[PDB]
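Participant: Okay, so here is data_2.cif, and as you'll see once you scroll down, it has mmCIF, C-alpha atoms; chains and numbers go by the auth columns.
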```
data_protein
loop_
_atom_site.group_PDB
_atom_site.id
_atom_site.type_symbol
_atom_site.label_atom_id
_atom_site.label_comp_id
_atom_site.label_asym_id
_atom_site.label_seq_id
_atom_site.Cartn_x
_atom_site.Cartn_y
_atom_site.Cartn_z
_atom_site.B_iso_or_equiv
_atom_site.auth_seq_id
_atom_site.auth_asym_id
ATOM 1 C CA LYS A 1 210.984 161.283 287.445 0.00 1 A
ATOM 2 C CA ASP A 2 208.941 162.493 290.411 0.00 2 A
ATOM 3 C CA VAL A 3 208.204 160.135 293.294 0.00 3 A
ATOM 4 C CA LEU A 4 205.111 159.564 295.447 0.00 4 A
ATOM 5 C CA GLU A 5 205.180 157.533 298.662 0.00 5 A
ATOM 6 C CA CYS A 6 201.757 155.878 298.808 0.00 6 A
ATOM 7 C CA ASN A 7 199.966 152.617 299.621 0.00 7 A
ATOM 8 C CA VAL A 8 200.792 150.872 296.332 0.00 8 A
ATOM 9 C CA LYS A 9 202.065 147.302 296.540 0.00 9 A
ATOM 10 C CA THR A 10 204.503 147.437 293.602 0.00 10 A
ATOM 11 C CA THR A 11 206.668 150.222 292.227 0.00 11 A
ATOM 12 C CA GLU A 12 204.689 151.581 289.282 0.00 12 A
ATOM 13 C CA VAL A 13 205.231 154.363 286.744 0.00 13 A
ATOM 14 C CA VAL A 14 202.055 156.399 286.197 0.00 14 A
ATOM 15 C CA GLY A 15 202.376 159.184 283.640 0.00 15 A
ATOM 16 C CA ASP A 16 205.509 161.194 284.430 0.00 16 A
ATOM 17 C CA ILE A 17 205.807 160.172 288.109 0.00 17 A
ATOM 18 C CA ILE A 18 206.557 156.977 290.031 0.00 18 A
ATOM 19 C CA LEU A 19 204.568 155.411 292.878 0.00 19 A
ATOM 20 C CA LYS A 20 206.767 153.791 295.496 0.00 20 A
ATOM 21 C CA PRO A 21 205.391 151.264 298.013 0.00 21 A
ATOM 22 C CA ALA A 22 205.119 152.659 301.542 0.00 22 A
ATOM 23 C CA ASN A 23 203.065 150.971 304.248 0.00 23 A
ATOM 24 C CA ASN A 24 200.253 152.909 305.956 0.00 24 A
ATOM 25 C CA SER A 25 200.824 155.873 303.631 0.00 25 A
ATOM 26 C CA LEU A 26 198.525 157.769 301.252 0.00 26 A
ATOM 27 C CA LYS A 27 195.461 155.933 299.963 0.00 27 A
ATOM 28 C CA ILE A 28 195.322 155.672 296.165 0.00 28 A
ATOM 29 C CA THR A 29 192.085 155.339 294.202 0.00 29 A
ATOM 30 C CA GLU A 30 192.714 153.444 290.966 0.00 30 A
ATOM 31 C CA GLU A 31 189.684 154.918 289.183 0.00 31 A
ATOM 32 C CA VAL A 32 187.074 157.039 290.938 0.00 32 A
ATOM 33 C CA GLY A 33 183.608 155.615 291.539 0.00 33 A
ATOM 34 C CA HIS A 34 180.419 156.175 293.523 0.00 34 A
ATOM 35 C CA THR A 35 181.704 154.537 296.712 0.00 35 A
ATOM 36 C CA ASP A 36 184.970 156.503 296.582 0.00 36 A
ATOM 37 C CA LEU A 37 183.091 159.808 296.384 0.00 37 A
ATOM 38 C CA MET A 38 180.566 158.711 299.017 0.00 38 A
ATOM 39 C CA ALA A 39 183.399 157.778 301.395 0.00 39 A
ATOM 40 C CA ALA A 40 185.384 160.979 300.812 0.00 40 A
ATOM 41 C CA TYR A 41 182.242 162.942 301.698 0.00 41 A
ATOM 42 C CA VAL A 42 181.684 160.968 304.906 0.00 42 A
ATOM 43 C CA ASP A 43 185.324 160.665 306.014 0.00 43 A
ATOM 44 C CA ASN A 44 185.890 164.454 305.748 0.00 44 A
ATOM 45 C CA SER A 45 188.648 163.611 303.281 0.00 45 A
ATOM 46 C CA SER A 46 189.760 164.232 299.710 0.00 46 A
ATOM 47 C CA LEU A 47 190.823 161.697 297.063 0.00 47 A
ATOM 48 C CA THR A 48 193.965 160.871 295.084 0.00 48 A
ATOM 49 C CA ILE A 49 192.683 159.171 291.930 0.00 49 A
ATOM 50 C CA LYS A 50 195.458 157.481 289.945 0.00 50 A
ATOM 51 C CA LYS A 51 193.956 156.842 286.486 0.00 51 A
ATOM 52 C CA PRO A 52 191.165 158.847 284.830 0.00 52 A
ATOM 53 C CA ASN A 53 187.785 157.617 283.640 0.00 53 A
ATOM 54 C CA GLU A 54 184.666 159.386 282.359 0.00 54 A
ATOM 55 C CA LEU A 55 183.523 160.373 285.856 0.00 55 A
ATOM 56 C CA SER A 56 186.847 161.960 286.836 0.00 56 A
ATOM 57 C CA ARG A 57 186.977 163.975 283.602 0.00 57 A
ATOM 58 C CA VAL A 58 183.369 165.189 283.760 0.00 58 A
ATOM 59 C CA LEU A 59 183.981 166.237 287.381 0.00 59 A
ATOM 60 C CA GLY A 60 187.099 168.168 286.335 0.00 60 A
ATOM 61 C CA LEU A 61 189.324 166.090 288.609 0.00 61 A
ATOM 62 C CA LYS A 62 193.100 165.737 288.542 0.00 62 A
ATOM 63 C CA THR A 63 194.658 162.271 288.413 0.00 63 A
ATOM 64 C CA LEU A 64 198.182 161.031 289.039 0.00 64 A
ATOM 65 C CA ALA A 65 198.385 159.868 285.418 0.00 65 A
ATOM 66 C CA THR A 66 197.517 163.316 284.035 0.00 66 A
ATOM 67 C CA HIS A 67 198.670 165.773 286.725 0.00 67 A
ATOM 68 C CA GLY A 68 201.464 164.045 288.659 0.00 68 A
ATOM 69 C CA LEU A 69 202.000 164.905 292.316 0.00 69 A
ATOM 70 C CA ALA A 70 199.424 167.710 292.010 0.00 70 A
ATOM 71 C CA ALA A 71 196.592 165.157 292.258 0.00 71 A
ATOM 72 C CA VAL A 72 197.555 164.254 295.852 0.00 72 A
ATOM 73 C CA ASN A 73 194.385 165.004 297.851 0.00 73 A
ATOM 74 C CA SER A 74 193.438 167.424 295.069 0.00 74 A
ATOM 75 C CA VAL A 75 189.747 166.520 294.649 0.00 75 A
ATOM 76 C CA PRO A 76 187.986 169.702 295.832 0.00 76 A
ATOM 77 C CA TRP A 77 185.400 169.459 298.588 0.00 77 A
ATOM 78 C CA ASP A 78 182.732 171.281 296.569 0.00 78 A
ATOM 79 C CA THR A 79 182.981 168.540 293.931 0.00 79 A
ATOM 80 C CA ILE A 80 182.642 165.679 296.429 0.00 80 A
ATOM 81 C CA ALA A 81 179.797 167.442 298.235 0.00 81 A
ATOM 82 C CA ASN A 82 177.832 168.400 295.118 0.00 82 A
ATOM 83 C CA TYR A 83 178.032 164.915 293.581 0.00 83 A
ATOM 84 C CA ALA A 84 176.974 163.072 296.737 0.00 84 A
ATOM 85 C CA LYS A 85 173.746 164.933 297.527 0.00 85 A
ATOM 86 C CA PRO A 86 171.410 163.353 294.932 0.00 86 A
ATOM 87 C CA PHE A 87 172.305 160.172 296.882 0.00 87 A
ATOM 88 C CA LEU A 88 171.287 161.351 300.371 0.00 88 A
#
```
Go through the file and emit its structure as structure tokens.
Facilitator:
Amino acid sequence: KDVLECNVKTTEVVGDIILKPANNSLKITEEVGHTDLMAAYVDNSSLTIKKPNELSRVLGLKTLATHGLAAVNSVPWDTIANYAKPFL
């Protein structure tokens, strides 16, 4: 199984990969929401969503549960920017 060093608190199996606890590592979004997308737009950052919901699917986003290590900071900037502008 593939391994991801991230900010999880317990060792967890998500899909076909494993999240291992590492302090001050990669931030993990459990399920994407409005605040997560608003913060990624402001922080000049991407997102690593761990489990999918309706919003992540309709935005065509990759999650750790469905895409493994490929979801690491995989949320494109055009998606974050286009979602967040009706709210500014």
Participant: Would you pick out the contacts of residue 77 in chain A at 8 Å or less, using all atoms listed in the file, so that residues sharing its chain but fewer than 3 positions from it are not included, and give the list as a VMD selection string?
Facilitator: chain A and resid 41 46 80 to 81
Participant: Could you save those same residues with C-alpha atoms as a compact mmCIF listing (two decimals), in the frame of the given file?
Facilitator:
```txt
# COMPACT_ATOMS: atom_id res chain seq x y z
CA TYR A 41 182.24 162.94 301.70
CA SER A 46 189.76 164.23 299.71
CA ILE A 80 182.64 165.68 296.43
CA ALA A 81 179.80 167.44 298.24
```
Participant: Excluding range 1-13 of chain A and its own-chain neighbours fewer than 2 positions away, which residues fall within 10 Å of it when counting all atoms listed in the file? Please give them as a list in words.
Facilitator: residues 15, 16, 17, 18, 19, 20, 21, 22, 23, 24, 25, 26, 27, 28, 29, 48, 64, 65, 68, 69 and 72 of chain A
Participant: Give me, please, the distance in Å between CA of residue 14 in chain A and CA of residue 38 in chain A, quoted to one decimal.
Facilitator: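 Computing it gives 25.1 Å between the two atoms.
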Participant: With all atoms listed in the file as the counted atoms, please give the residues lying no more than 10 Å from residue 63 in chain A, apart from itself and same-chain residues fewer than 3 positions off, as a VMD selection string.
Facilitator: chain A and resid 14 to 15 29 to 32 47 to 53 56 to 57 60 66 to 75
Participant: For the PyMOL selection byres ((chain A and resi 84) around 12), applied here, can you spell out every residue it catches as a count of residues only?
Facilitator: 21
Participant: Padding 5 Å on every side, please: axis-aligned box over the listed atoms of range 42-53 of chain A, centre and edge lengths to one decimal in Å, as lines of an AutoDock Vina configuration file.
Facilitator:
```
center_x = 188.6
center_y = 160.6
center_z = 294.8
size_x = 23.8
size_y = 17.6
size_z = 32.4
```
Participant: Where atoms are missing, can you supply N, CA, C and O atoms for range 59-79 of chain A and output the lot as a PDB file, keeping the file's coordinate frame?
Facilitator:
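Produced file rebuild_21.pdb, reproduced below:
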```pdb
ATOM      1  N   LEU A  59     183.914 165.498 286.129  1.00  0.00           N
ATOM      2  CA  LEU A  59     183.981 166.237 287.381  1.00  0.00           C
ATOM      3  C   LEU A  59     185.165 167.192 287.434  1.00  0.00           C
ATOM      4  O   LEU A  59     185.361 167.857 288.457  1.00  0.00           O
ATOM      5  N   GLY A  60     185.946 167.281 286.361  1.00  0.00           N
ATOM      6  CA  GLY A  60     187.099 168.168 286.335  1.00  0.00           C
ATOM      7  C   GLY A  60     188.145 167.828 287.374  1.00  0.00           C
ATOM      8  O   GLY A  60     188.708 168.732 288.005  1.00  0.00           O
ATOM      9  N   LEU A  61     188.421 166.544 287.564  1.00  0.00           N
ATOM     10  CA  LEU A  61     189.324 166.090 288.609  1.00  0.00           C
ATOM     11  C   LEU A  61     190.712 165.817 288.046  1.00  0.00           C
ATOM     12  O   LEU A  61     190.871 165.419 286.888  1.00  0.00           O
ATOM     13  N   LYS A  62     191.720 166.040 288.884  1.00  0.00           N
ATOM     14  CA  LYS A  62     193.100 165.737 288.542  1.00  0.00           C
ATOM     15  C   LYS A  62     193.435 164.312 288.963  1.00  0.00           C
ATOM     16  O   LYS A  62     193.007 163.847 290.024  1.00  0.00           O
ATOM     17  N   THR A  63     194.194 163.618 288.120  1.00  0.00           N
ATOM     18  CA  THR A  63     194.658 162.271 288.413  1.00  0.00           C
ATOM     19  C   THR A  63     196.180 162.241 288.411  1.00  0.00           C
ATOM     20  O   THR A  63     196.840 163.138 287.878  1.00  0.00           O
ATOM     21  N   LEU A  64     196.732 161.195 289.031  1.00  0.00           N
ATOM     22  CA  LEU A  64     198.182 161.031 289.039  1.00  0.00           C
ATOM     23  C   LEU A  64     198.722 160.793 287.636  1.00  0.00           C
ATOM     24  O   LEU A  64     199.851 161.191 287.328  1.00  0.00           O
ATOM     25  N   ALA A  65     197.930 160.154 286.773  1.00  0.00           N
ATOM     26  CA  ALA A  65     198.385 159.868 285.418  1.00  0.00           C
ATOM     27  C   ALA A  65     198.446 161.125 284.563  1.00  0.00           C
ATOM     28  O   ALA A  65     199.254 161.198 283.630  1.00  0.00           O
ATOM     29  N   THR A  66     197.612 162.123 284.862  1.00  0.00           N
ATOM     30  CA  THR A  66     197.517 163.316 284.035  1.00  0.00           C
ATOM     31  C   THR A  66     198.046 164.577 284.699  1.00  0.00           C
ATOM     32  O   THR A  66     198.285 165.566 283.998  1.00  0.00           O
ATOM     33  N   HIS A  67     198.236 164.576 286.021  1.00  0.00           N
ATOM     34  CA  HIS A  67     198.670 165.773 286.725  1.00  0.00           C
ATOM     35  C   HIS A  67     199.803 165.533 287.712  1.00  0.00           C
ATOM     36  O   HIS A  67     200.201 166.475 288.407  1.00  0.00           O
ATOM     37  N   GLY A  68     200.333 164.316 287.794  1.00  0.00           N
ATOM     38  CA  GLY A  68     201.464 164.045 288.659  1.00  0.00           C
ATOM     39  C   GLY A  68     201.133 164.251 290.125  1.00  0.00           C
ATOM     40  O   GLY A  68     200.005 164.030 290.579  1.00  0.00           O
ATOM     41  N   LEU A  69     202.140 164.703 290.878  1.00  0.00           N
ATOM     42  CA  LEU A  69     202.000 164.905 292.316  1.00  0.00           C
ATOM     43  C   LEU A  69     200.919 165.915 292.678  1.00  0.00           C
ATOM     44  O   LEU A  69     200.515 165.972 293.844  1.00  0.00           O
ATOM     45  N   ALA A  70     200.443 166.710 291.716  1.00  0.00           N
ATOM     46  CA  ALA A  70     199.424 167.710 292.010  1.00  0.00           C
ATOM     47  C   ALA A  70     198.069 167.091 292.323  1.00  0.00           C
ATOM     48  O   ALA A  70     197.205 167.777 292.879  1.00  0.00           O
ATOM     49  N   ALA A  71     197.860 165.819 291.982  1.00  0.00           N
ATOM     50  CA  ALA A  71     196.592 165.157 292.258  1.00  0.00           C
ATOM     51  C   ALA A  71     196.475 164.663 293.694  1.00  0.00           C
ATOM     52  O   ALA A  71     195.398 164.203 294.084  1.00  0.00           O
ATOM     53  N   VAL A  72     197.548 164.748 294.480  1.00  0.00           N
ATOM     54  CA  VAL A  72     197.555 164.254 295.852  1.00  0.00           C
ATOM     55  C   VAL A  72     196.548 165.040 296.682  1.00  0.00           C
ATOM     56  O   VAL A  72     196.757 166.225 296.974  1.00  0.00           O
ATOM     57  N   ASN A  73     195.449 164.384 297.061  1.00  0.00           N
ATOM     58  CA  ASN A  73     194.385 165.004 297.851  1.00  0.00           C
ATOM     59  C   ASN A  73     193.884 166.285 297.187  1.00  0.00           C
ATOM     60  O   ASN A  73     193.604 167.288 297.846  1.00  0.00           O
ATOM     61  N   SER A  74     193.772 166.248 295.859  1.00  0.00           N
ATOM     62  CA  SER A  74     193.438 167.424 295.069  1.00  0.00           C
ATOM     63  C   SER A  74     191.958 167.542 294.740  1.00  0.00           C
ATOM     64  O   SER A  74     191.531 168.601 294.270  1.00  0.00           O
ATOM     65  N   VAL A  75     191.173 166.491 294.962  1.00  0.00           N
ATOM     66  CA  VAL A  75     189.747 166.520 294.649  1.00  0.00           C
ATOM     67  C   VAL A  75     189.075 167.552 295.546  1.00  0.00           C
ATOM     68  O   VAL A  75     189.037 167.375 296.773  1.00  0.00           O
ATOM     69  N   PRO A  76     188.540 168.637 294.987  1.00  0.00           N
ATOM     70  CA  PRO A  76     187.986 169.702 295.832  1.00  0.00           C
ATOM     71  C   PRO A  76     186.763 169.221 296.598  1.00  0.00           C
ATOM     72  O   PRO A  76     186.067 168.290 296.185  1.00  0.00           O
ATOM     73  N   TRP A  77     186.510 169.872 297.735  1.00  0.00           N
ATOM     74  CA  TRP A  77     185.400 169.459 298.588  1.00  0.00           C
ATOM     75  C   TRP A  77     184.053 169.826 297.981  1.00  0.00           C
ATOM     76  O   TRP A  77     183.062 169.123 298.210  1.00  0.00           O
ATOM     77  N   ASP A  78     183.989 170.915 297.210  1.00  0.00           N
ATOM     78  CA  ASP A  78     182.732 171.281 296.569  1.00  0.00           C
ATOM     79  C   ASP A  78     182.328 170.261 295.512  1.00  0.00           C
ATOM     80  O   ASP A  78     181.134 170.090 295.243  1.00  0.00           O
ATOM     81  N   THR A  79     183.300 169.574 294.911  1.00  0.00           N
ATOM     82  CA  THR A  79     182.981 168.540 293.931  1.00  0.00           C
ATOM     83  C   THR A  79     182.447 167.287 294.616  1.00  0.00           C
ATOM     84  O   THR A  79     181.444 166.708 294.180  1.00  0.00           O
TER      85      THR A  79
END
```
